[PDB]
Amino acid sequence: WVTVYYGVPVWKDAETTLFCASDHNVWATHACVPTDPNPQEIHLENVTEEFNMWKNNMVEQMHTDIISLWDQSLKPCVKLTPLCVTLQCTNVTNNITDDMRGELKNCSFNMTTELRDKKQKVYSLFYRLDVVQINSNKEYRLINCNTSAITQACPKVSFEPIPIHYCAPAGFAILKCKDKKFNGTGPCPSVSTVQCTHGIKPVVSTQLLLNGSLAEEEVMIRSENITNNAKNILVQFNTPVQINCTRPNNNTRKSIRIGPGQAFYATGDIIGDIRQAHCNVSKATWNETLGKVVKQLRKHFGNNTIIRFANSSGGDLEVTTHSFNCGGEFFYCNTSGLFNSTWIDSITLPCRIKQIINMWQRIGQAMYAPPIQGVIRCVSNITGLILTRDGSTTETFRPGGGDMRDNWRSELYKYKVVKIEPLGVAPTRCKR
Amino acid sequence: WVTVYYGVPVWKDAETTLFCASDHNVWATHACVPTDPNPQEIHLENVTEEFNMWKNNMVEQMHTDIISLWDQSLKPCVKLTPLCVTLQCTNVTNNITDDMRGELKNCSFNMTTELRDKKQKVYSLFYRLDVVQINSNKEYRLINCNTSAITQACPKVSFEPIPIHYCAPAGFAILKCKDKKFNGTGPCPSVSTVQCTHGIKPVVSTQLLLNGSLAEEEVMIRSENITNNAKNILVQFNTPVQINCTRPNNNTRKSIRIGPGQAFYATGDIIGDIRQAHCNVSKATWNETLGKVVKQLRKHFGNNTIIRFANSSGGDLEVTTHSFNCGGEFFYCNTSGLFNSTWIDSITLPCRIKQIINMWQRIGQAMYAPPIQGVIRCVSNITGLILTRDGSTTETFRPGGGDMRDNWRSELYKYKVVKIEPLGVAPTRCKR
Amino acid sequence: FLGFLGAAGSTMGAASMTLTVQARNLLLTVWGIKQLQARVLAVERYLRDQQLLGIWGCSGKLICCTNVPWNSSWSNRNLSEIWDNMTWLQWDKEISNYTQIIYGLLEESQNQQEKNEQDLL
Amino acid sequence: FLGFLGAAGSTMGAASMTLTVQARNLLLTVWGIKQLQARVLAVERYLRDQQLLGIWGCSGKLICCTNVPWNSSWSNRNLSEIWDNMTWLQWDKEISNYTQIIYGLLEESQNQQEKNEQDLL
Amino acid sequence: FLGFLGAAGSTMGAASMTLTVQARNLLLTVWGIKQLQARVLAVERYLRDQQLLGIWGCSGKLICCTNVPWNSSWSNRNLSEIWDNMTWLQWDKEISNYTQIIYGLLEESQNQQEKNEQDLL
Ligand SMILES: *[C@@H]1O[C@H](CO)[C@@H](O[C@@H]2O[C@H](CO)[C@@H](O[C@@H]3O[C@H](CO)[C@@H](O)[C@H](O[C@H]4O[C@H](CO)[C@@H](O)[C@H](O)[C@@H]4O)[C@@H]3O)[C@H](O)[C@H]2NC(C)=O)[C@H](O)[C@H]1NC(C)=O
Ligand SMILES: *[C@@H]1O[C@H](CO)[C@@H](O[C@@H]2O[C@H](CO)[C@@H](O[C@@H]3O[C@H](CO)[C@@H](O)[C@H](O[C@H]4O[C@H](CO)[C@@H](O)[C@H](O)[C@@H]4O)[C@@H]3O)[C@H](O)[C@H]2NC(C)=O)[C@H](O)[C@H]1NC(C)=O
Ligand SMILES: *[C@@H]1O[C@H](CO)[C@@H](O[C@@H]2O[C@H](CO)[C@@H](O)[C@H](O)[C@H]2NC(C)=O)[C@H](O)[C@H]1NC(C)=O
Ligand SMILES: *[C@@H]1O[C@H](CO)[C@@H](O[C@@H]2O[C@H](CO)[C@@H](O)[C@H](O)[C@H]2NC(C)=O)[C@H](O)[C@H]1NC(C)=O
Ligand SMILES: *[C@@H]1O[C@H](CO)[C@@H](O[C@@H]2O[C@H](CO)[C@@H](O)[C@H](O)[C@H]2NC(C)=O)[C@H](O)[C@H]1NC(C)=O
Ligand SMILES: *[C@@H]1O[C@H](CO)[C@@H](O[C@@H]2O[C@H](CO)[C@@H](O)[C@H](O)[C@H]2NC(C)=O)[C@H](O)[C@H]1NC(C)=O
Ligand SMILES: *[C@@H]1O[C@H](CO)[C@@H](O[C@@H]2O[C@H](CO)[C@@H](O)[C@H](O)[C@H]2NC(C)=O)[C@H](O)[C@H]1NC(C)=O
Ligand SMILES: *[C@@H]1O[C@H](CO)[C@@H](O[C@@H]2O[C@H](CO)[C@@H](O)[C@H](O)[C@H]2NC(C)=O)[C@H](O)[C@H]1NC(C)=O
Ligand SMILES: *[C@@H]1O[C@H](CO)[C@@H](O[C@@H]2O[C@H](CO)[C@@H](O)[C@H](O)[C@H]2NC(C)=O)[C@H](O)[C@H]1NC(C)=O
Ligand SMILES: *[C@@H]1O[C@H](CO)[C@@H](O)[C@H](O)[C@H]1NC(C)=O
Ligand SMILES: *[C@@H]1O[C@H](CO)[C@@H](O)[C@H](O)[C@H]1NC(C)=O
Ligand SMILES: *[C@@H]1O[C@H](CO)[C@@H](O)[C@H](O)[C@H]1NC(C)=O
Ligand SMILES: *[C@@H]1O[C@H](CO)[C@@H](O)[C@H](O)[C@H]1NC(C)=O
Ligand SMILES: *[C@@H]1O[C@H](CO)[C@@H](O)[C@H](O)[C@H]1NC(C)=O
Ligand SMILES: *[C@@H]1O[C@H](CO)[C@@H](O)[C@H](O)[C@H]1NC(C)=O
Ligand SMILES: *[C@@H]1O[C@H](CO)[C@@H](O)[C@H](O)[C@H]1NC(C)=O
Ligand SMILES: *[C@@H]1O[C@H](CO)[C@@H](O)[C@H](O)[C@H]1NC(C)=O
Ligand SMILES: *[C@@H]1O[C@H](CO)[C@@H](O)[C@H](O)[C@H]1NC(C)=O
Ligand SMILES: *[C@@H]1O[C@H](CO)[C@@H](O)[C@H](O)[C@H]1NC(C)=O
Ligand SMILES: *[C@@H]1O[C@H](CO)[C@@H](O)[C@H](O)[C@H]1NC(C)=O
Ligand SMILES: *[C@@H]1O[C@H](CO)[C@@H](O)[C@H](O)[C@H]1NC(C)=O
Ligand SMILES: *[C@@H]1O[C@H](CO)[C@@H](O)[C@H](O)[C@H]1NC(C)=O
Ligand SMILES: *[C@@H]1O[C@H](CO)[C@@H](O)[C@H](O)[C@H]1NC(C)=O
Ligand SMILES: *[C@@H]1O[C@H](CO)[C@@H](O)[C@H](O)[C@H]1NC(C)=O
Ligand SMILES: *[C@@H]1O[C@H](CO)[C@@H](O)[C@H](O)[C@H]1NC(C)=O
Ligand SMILES: *[C@@H]1O[C@H](CO)[C@@H](O)[C@H](O)[C@H]1NC(C)=O
Ligand SMILES: *[C@@H]1O[C@H](CO)[C@@H](O)[C@H](O)[C@H]1NC(C)=O
Ligand SMILES: *[C@@H]1O[C@H](CO)[C@@H](O)[C@H](O)[C@H]1NC(C)=O
Ligand SMILES: *[C@@H]1O[C@H](CO)[C@@H](O)[C@H](O)[C@H]1NC(C)=O
Ligand SMILES: *[C@@H]1O[C@H](CO)[C@@H](O)[C@H](O)[C@H]1NC(C)=O
Ligand SMILES: *[C@@H]1O[C@H](CO)[C@@H](O)[C@H](O)[C@H]1NC(C)=O
Ligand SMILES: *[C@@H]1O[C@H](CO)[C@@H](O)[C@H](O)[C@H]1NC(C)=O
Ligand SMILES: *[C@@H]1O[C@H](CO)[C@@H](O)[C@H](O)[C@H]1NC(C)=O
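These protein sequence lines are chains F, R, S, B and A, in that order. Numbering follows my numbering, in which position 383 of the first sequence is assigned residue number 383; successive positions increment by one, without gaps. Numbering follows my numbering, in which position 379 of the second sequence is assigned residue number 379; successive positions increment by one, without gaps. Numbering follows my numbering, in which position 119 of the third sequence is assigned residue number 119; successive positions increment by one, without gaps. Numbering follows my numbering, in which position 28 of the fourth sequence is assigned residue number 28; successive positions increment by one, without gaps. Numbering follows my numbering, in which position 12 of the fifth sequence is assigned residue number 12; successive positions increment by one, without gaps.
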């Protein structure tokens, strides 16, 4: 009566190590497995599987992998310890517009040279957000000097978010939920087995999610607990909103030798006029998009509820603004022009630029972003929002963010990792 | 009719990772598998196998392994950053012969001390090839100061080229071609299977191949394409030519403390007379050897062709001279006295010595070779040449080199790595 | 037809014809360690199942008929329901609590016949 | 006699008496990773062949007689040429294009008898 | 009863009923390498013994009866002493010098019957 089968199509929830695969990067370079040009996907008929995007450890793994890869790409680069000196700074007033009056500072300092016996007097431009006035009214220091060592990113390694595919090790499988109108939790039909995830771009941003995937039919609202005001709401658009960002300043770069085989990349004089960095969002598109978002929020809050949008709360620049990295430079844009309405050309968002960046939410590891020559222009898709609900007839929504896991959870919500358990027994009617 | 066999003696070409084995080294120390005192070799009767030494990835692997081992042996050693200072230099004129007038410089400088608050005035001797005049007519800097950081090799790790055996992992095998008069390509009979290669010494040199293996019967000319003047010709001798090199200067060494637990090894005053380093090649032996080389070149170029030898073309010292490392010091010898003839006591080759060495063909990692006390005398075998053909009745051959892979290709030409494929099927006459 | 896990939603007797489909899918130094650990684990898991089939006398088989009777207390169902209605995922849940009992019994009966077979030779 | 691969130049029927000779030869952290990868791979390759023999019903054997007929289109030669003239290296080249077909057929016939053997019990 | 190695002090015939007890117990990057090497080795040692049982024709068994006669020169004792008085540790010492001879004979007899079984089909 007892019979033993091996190769039985049974699985259990599991947590394992996934490996990266992909078709001068910060992240995946040669330490990444080449992908399968014709990957498989198998539809599972009559299979219902429970998914929970808020308990998905693929998110934790991706967070750890991208931070570790980030650090490994800075480890061999030039230390800028010799740069933490007293700076003598004045204002840049040459062909400066009103929007940036006081934003750039012209600083001179005594830097080391290839030879230990000699110093050189050099100057460079810094943004006001990179420096601290000390004491002598022209004396400044870089912002990180009392907190951390700073290194210069190697200007050969780009920050372009080249996609990574996560693949399961043998004995494991990745299940994908294809059920449209899947809100991140509970069971879903239409489950398929895949070898690897689709390519997910490690785009780093706050408030607005850029260059991600789109919802299949309608705008979707996902949250761990929609009635808990301490939780974030991830909003996935079913259409992109195009955003055009720029730094309209023709910059030049100069190399300062600071030691035997090391150089600092400094910003030289700006060619032409000096103007403020900004992003343009089409107003009509934004308005239609916001339309769809409210229609869906009402499904959870009432169709007779007043829904208001408001700008972010105060706090650190890295959280209160829309942070992104494009063209190799780090932008901090003011989104109060996008979130200012009751219910529901172009909208111009002014932006600030920084050179000294404290990544993720760490303290102790700062990096200096070498300046980029020429003029930067970026075109990207807003594919979703991170909102926080401020809270009896109205609700207020504000932009949120800063926890990078929310930016990956939004792409990995469809995937689950399971472990295959090939043995099983059953009654039959035979006897050895 | 179908039957399945496992353990079938079939193989395919393959590329794998081989491991090192061997019977205070730069290269193989304890991270190397002890060898088998009674290694096996199995003659394969009736097996013809195609070999191609120019596509042999064992060469690429060895090149990568020796560079990586080299770097790991410098990683923990003293940095000489504090040495890149302005030097005040004069000439060494005390008992200096004419051959070296102006070759050595007596330089003083302000060096750091164990204590951060104090400096010391020290002096040392440098070769003119190690320094650059700057500006003040006595001011010099070390040559690498505007290019790279320099580290001091640890004077406990020798550079002696102790042999390495390459061994295949299970499932793989190394096939050896024993066919005498094998020119590196095409099929050959007399193939045997070995567990590991013979011991190959990682001798680093240009132009002349030293201390390698000899041809079994006659001098052999090997090339990828003998009619392509862009390719090198490897010439393997069937007899050694003995070469005796020396640095006839009784040097002394002094230790300068430069920090808390670090010291710089400097060259002190030379004891006795100062004379030029040189190498002696027996003339008659060289002439007979060259005789044999031409006789064989004529097989490819015509027996009525005039064959001329000439010295190297201009360019970097590391290429135009015969570079080698012996006794712990790096020699650059002038070979124009060996390659100066139409067709076909001792020949004295003058040599230069350097302390600052840029290994392989890299830029950014320089090393300082601590001086060796006493007098250096080396005896070695020239076992082959690297020639380049300069090119309608005559051909000119000149010394070549600088690409280290050509020095290993000359020892690994006999070996091929294959993968064993133990399953196979065949018709038979049985039925389960 | 469908490949790996394609039969997951099929009934137990519709499935169990695809056993080779699933059986074949079981097969900077920090990234090196992570990948090797994943590969070493796949090997170890595979071998534990093979050892277990071996001690039960099922080595080399995907469908092994044993000499242990089925206890109705483990699952009081007939063959029609088990093989024609249920899927393997459902079955695994139903008898999860009896797996270790069954495994112990399978080992014991093999030890007994392995010895009887020696006495007969 | 000769050891590993000694029979490589021998004919197929002279060879195939040495199957255990070849079967037994299949078995600073950067150097650590390189060596472990080589060792892990040797294990994985070994196990894939063993799994394959298992699903074909040839587990535990070096010479396995199967129930799949030979198609003359794969190689129209008689036994005298195959076993007395040819070597295994030559044979492998001759039927390289049919290897996957043969492997698929071997798996199928095992699945069929594995099931017939259950019905007879 | 007692678990792993519990029978070590028992006689050979009292032991050898516990074979599954022992069979189942055979299964910062620097610490990573040390642990992986230990795990890789456990796998390699396991597989070498399994390969060896395979070439002797004992695959899948814990107690394998072979077709090789016992040479009294290896141990001139009767069954009563070997199975009722001696322990396995004592026995292993007594015949240590004959282990490789016995292993060679076991391989040879399997090669011969493996071939005879082909001729009979
Ligand atoms: C959202 O996706 C879009 C596209 O999918 C992405 O926009 C792309 O950004 C990159 C980087 O800014 C653009 O590529 C650059 O274009 C400029 C044009 O003058 C070139 O000069 C750049 O080349 C320099 O830098 C390279 C860095 O390795 C060097 O290798 C090279 O030699 C040059 O120095 C570079 O080509 C790209 O064109 C756009 N794509 C489009 C369609 O505009 C956007 O950034 C994504 N959004 C976010 C926030 O990531
Ligand atoms: C070609 O091969 C020959 C031999 O096969 C090889 O010549 C050998 O070179 C080494 C290194 O120069 C010689 O050994 C040295 O001899 C001197 C003699 O006074 C000793 O002082 C040296 O010992 C010191 O350095 C050691 C380094 O670890 C210390 O451990 C030791 O305590 C001393 O400090 C050392 O013994 C060797 O004798 C010759 N061999 C012969 C036969 O002359 C030659 O260099 C090879 N050619 C090339 C280019 O590699
Ligand atoms: C920043 O300050 C520097 C001086 O510290 C300015 O550079 C000088 O510009 C004058 C203009 O004629 C030149 O004559 C000097 O020779 C320049 N000095 C150096 C060191 O080059 C610089 O232009 C200022 N930059 C900005 C943007 O205001
Ligand atoms: C983001 O942009 C808005 C719009 O330009 C800034 O809003 C101004 O804030 C000051 C602060 O009291 C008000 O007095 C102005 O009237 C605001 N302007 C408008 C049009 O509302 C806002 O300050 C910017 N945020 C940050 C952090 O700089
Ligand atoms: C913004 O989103 C649109 C819509 O997804 C992207 O355009 C699509 O790109 C895919 C790529 O295969 C095409 O198949 C679609 O047909 C494109 N849609 C349209 C309407 O052309 C667009 O590339 C995205 N922009 C960025 C910067 O990623
Ligand atoms: C480092 O300094 C050396 C010495 O001044 C530079 O090499 C010289 O470059 C000039 C360029 O015209 C040549 O004419 C000289 O012959 C070179 N000298 C030698 C000894 O080769 C070298 O380029 C400098 N390196 C850098 C990165 O600037
Ligand atoms: C190199 O220069 C140094 C001085 O910088 C010479 O050393 C001096 O030699 C005189 C000779 O009597 C001594 O009195 C001094 O005390 C020495 N100075 C030191 C600091 O020791 C040195 O001999 C020169 N070396 C060569 C080879 O010319
Ligand atoms: C290598 O040695 C030869 C021989 O001593 C040097 O040859 C001399 O080169 C100069 C350059 O014009 C000639 O004027 C001499 O007549 C040459 N002498 C002989 C005997 O030919 C050669 O220069 C040395 N090479 C280098 C790079 O120093
Ligand atoms: C130079 O080559 C000769 C010839 O190969 C080497 O001497 C041989 O060394 C082997 C080592 O086992 C002996 O078996 C040979 O009998 C030696 N030949 C002679 C003629 O004695 C010599 O050692 C080589 N020199 C160097 C420095 O490697
Ligand atoms: C402002 O731009 C014009 C454009 O030609 C230039 O000539 C002028 O000198 C600039 N002013 C300053 C202060 O650089
Ligand atoms: C730079 O501009 C700011 C604008 O508020 C002003 O307060 C500051 O004093 C200016 N600095 C100098 C050096 O003139
Ligand atoms: C550089 O050092 C000199 C030394 O006198 C000092 O006067 C000068 O102000 C320093 N430069 C700066 C920009 O601090
Ligand atoms: C998501 O869908 C499940 C399906 O039952 C539902 O229970 C859950 O409440 C939904 N999420 C929200 C935020 O309503
Ligand atoms: C959602 O948040 C509310 C806020 O108090 C809490 O009471 C409720 O239990 C939460 N939902 C779940 C499923 O815990
Ligand atoms: C962005 O640039 C494209 C052309 O590259 C233009 O068509 C589009 O309207 C721009 N978007 C905005 C918001 O200006
Ligand atoms: C939000 O808008 C208000 C309008 O008064 C402004 O004061 C506030 O600073 C804005 N907050 C941010 C973070 O931009
Ligand atoms: C927000 O809406 C009010 C409505 O009167 C408008 O006056 C204000 O300028 C808007 N704020 C922004 C930042 O556009
Ligand atoms: C920046 O100025 C230089 C000066 O000639 C000009 O050639 C270059 O095109 C300018 N860059 C841009 C993006 O306009
Ligand atoms: C040259 O050598 C002799 C040898 O004794 C020595 O006495 C003399 O002082 C040396 N000359 C110099 C300048 O050192
Ligand atoms: C050193 O000798 C060289 C030989 O040419 C000469 O040119 C140089 O000026 C001498 N240096 C000193 C400091 O006398
Ligand atoms: C060492 O420093 C002193 C400081 O006055 C200087 O005069 C001397 O020339 C320096 N020595 C050298 C060799 O440069
Ligand atoms: C090497 O021998 C092969 C054997 O056929 C021949 O084809 C090849 O041309 C030879 N190499 C040269 C350089 O002639
Ligand atoms: C050898 O070099 C000549 C030079 O042009 C070339 O034509 C010939 O094809 C090369 N040989 C081979 C085999 O490619
Ligand atoms: C090298 O030295 C040996 C003795 O050690 C001597 O017999 C030989 O002739 C020398 N070679 C030359 C070229 O002088
Ligand atoms: C080669 O010999 C010639 C003879 O005039 C000489 O000029 C040339 O510099 C020599 N080349 C080398 C690299 O020694
Ligand atoms: C090269 O040969 C010529 C022949 O006359 C001779 O004069 C010359 O000195 C030789 N060159 C060398 C470097 O020996
Ligand atoms: C170097 O000089 C010292 C001075 O006594 C002497 O003892 C030593 O032997 C000399 N070295 C050589 C190789 O002659
Ligand atoms: C069946 O299981 C029950 C307990 O679940 C046990 O008491 C009974 O003896 C078992 N049947 C047999 C035949 O052992
Ligand atoms: C046997 O199958 C029939 C089919 O209807 C089912 O009703 C009955 O309950 C089954 N037996 C058991 C033990 O459940
Ligand atoms: C033999 O192979 C041919 C194609 O190569 C195929 O059509 C034929 O049916 C095969 N024979 C059998 C019995 O299947
Ligand atoms: C059968 O063997 C004979 C031996 O001469 C050979 O000639 C014949 O061609 C073989 N059969 C086939 C199908 O080739
Ligand atoms: C038993 O072993 C002895 C040597 O120990 C050997 O001579 C004898 O032939 C063996 N018996 C048999 C049957 O082979
Ligand atoms: C057989 O068993 C008896 C039991 O007493 C023992 O005395 C005898 O020596 C044994 N045979 C051999 C070969 O030792």
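In this text, a Cβ means the ideal position worked out from N, Cα and C, and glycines have one as well.
By the criterion of at least three beta-carbon pairs nearer than 8 Å, the stretch 333–340 of chain R is not in contact with the stretch 413–422 of chain R. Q22 of chain S places its beta carbon less than 7 Å from that of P9 of chain F. Contact between the stretch 8–28 of chain F and the stretch 58–65 of chain F is present, with at least three C-beta pairs closer than 8 Å.
By the neighbour-count definition (other C-beta atoms within 10 Å, threshold 16), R39 of chain A is a buried residue. Shortest gap from the CB of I270 of chain F to any heavy atom of ligand 18: 6 Å or more.
Within the same chain, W360 come within 7 Å of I67 of chain R by CB-CB distance, once the 5 residues on both sides are set aside. Only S59 and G60 from the stretch 56–81 of chain B bring a Cβ to less than 7 Å from some Cβ of chain S. Residues of the stretch 23–44 of chain R with a C-beta less than 8 Å from any C-beta of chain B: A31, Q40, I42, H43 and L44, listed in chain order. Taking CB atoms only, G3 of chain S has a neighbour in chain F less than 7 Å away. In the three-state reduction of the DSSP assignment, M86 of chain A falls in the coil class.
Straight through space, the alpha carbons of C326 of chain F and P161 of chain F are spaced by roughly 10 Å. In this structure the stretch 289–298 of chain F lies against the stretch 215–225 of chain F, because at least three pairs of beta carbons, one per stretch, are closer than 8 Å. Of all alpha-carbon atoms in R:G212, R:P187 and R:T193, the one lying nearest the alpha-carbon of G199 of chain R is that of R:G212.
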